[PDB]
């Protein structure tokens, strides 16, 4: 079980998630979003190893699934490989945890967490309006935007 939680079932700030299973990266640069992306700017997304094993067998997110979206800045727009976007420095993380026992009234049993900094002890749980509304509305599978996770789409049975 890769998440740890407070008494009130708040996700403690994940550690070592960069050693979890990467499932996809997207980029919303500030310069293409009126100088402020909602989630600036590169997004590197990870699912915990245990939930990955379960996804390879079921194509479903189990209770205990932790997904971390790590934000990084655009570091440059041209390299020897051509023009585009290339990452810079880390900016922070978002996370979501699915758990029908801890979050029985949350849409999809998912809890969404923001993090004040990489130094924070624990996440801040989010109201449904702030995160779950957009994800339920538009994500291809169980409030996870799998249309942007080719690792997931190719790993499911």
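Numbering follows the first chain given and starts at 1.
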With respect to the recorded C-alpha B factors, which stretch has the higher mean value, 23-31 or 50-58? 50-58
Should the higher mean CA B-factor in the entry be assigned to 97-105 or to 64-72? 97-105
Would you mind ranking residue 134 by its C-alpha B-factor against the rest of the chain and naming the third, lowest, middle or highest? middle
By the record's CA B-factor, is residue 44 among the lowest, middle or highest third of residues in the chain? lowest
Could you tell me which third, lowest, middle or highest, the C-alpha B-factor of residue 91 occupies within its chain? lowest
